[PDB]
Amino acid sequence: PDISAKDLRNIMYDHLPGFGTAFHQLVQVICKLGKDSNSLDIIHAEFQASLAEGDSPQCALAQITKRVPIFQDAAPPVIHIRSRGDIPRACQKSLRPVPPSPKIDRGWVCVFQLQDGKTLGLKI
């Protein structure tokens, strides 16, 4: 059965320690851009191949952003939220001012856009 965005998310989550870490958000970001570019199959295959070579699942996610062409020179997605508290506790210390030209393949997972207009980049 064709792997869905949700199936892939759950497969990746199964391998990650903790919850709501920056890698969890990256899984969400990768699956969304993957689905929108009909690339869930190759992303899943790259993920599995990295783990089978003995990479940690965190390193496997980083390699997807470098090896799957849709992530090449891609800006992080904007994620509209209300306040900073809407960001999971485990991501809090990874939040930074947004740089000029942040890129997914440089570790900028996403940009949180807050109600009051504040913006925060999520960095791995």
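Residues numbered from 1 in each chain as written, not as in the entry; some residues may be left out. Heavy atoms only, no water. Residues with missing side-chain atoms left out of burial classes, pairs and counts.

Per the deposition metadata, X-ray crystallography was the technique used to determine this entry, at a resolution of 1.9520 Å.

What's the story with the domain arrangement of the protein chain in this structure? I'm lost.
As far as domains go, the protein chain holds domain 1 (1-72) and domain 2 (73-124). Taking the mean C-alpha position of each, domain 1 and domain 2 sit 19 Å from one another. On the domain 2 side, the residues contacting the 14 residues of domain 1 number 15 residues. The interface formed by domain 1 and domain 2 holds 0 salt bridges in total. Applying the counting rule to domain 1 against domain 2 returns 3 residue pairs in polar contact. For the side of domain 1 that touches domain 2, the secondary-structure elements that each account for two or more residues are α2 (22-36) and α4 (57-67). Residue contributions to the side of domain 1 that touches domain 2 peak at 6 residues, all from α2. A class-by-class count of the residues in the side of domain 1 that touches domain 2 yields 8 nonpolar, 5 polar and 1 charged. (Domains from an automatic or database assignment. Contact = heavy atoms within 4.5 Å. Salt bridge = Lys/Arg side-chain N within 4 Å of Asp/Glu carboxyl O. Polar contact = N/O pair within 3.5 Å; in protein donor to acceptor, adjacent residues only side chain to side chain. Helix = DSSP H or I, 4+ residues; strand = E, 2+ residues; numbered from the N terminus. Nonpolar A, V, L, I, M, F, W, Y, C, P; charged D, E, K, R; others polar.)

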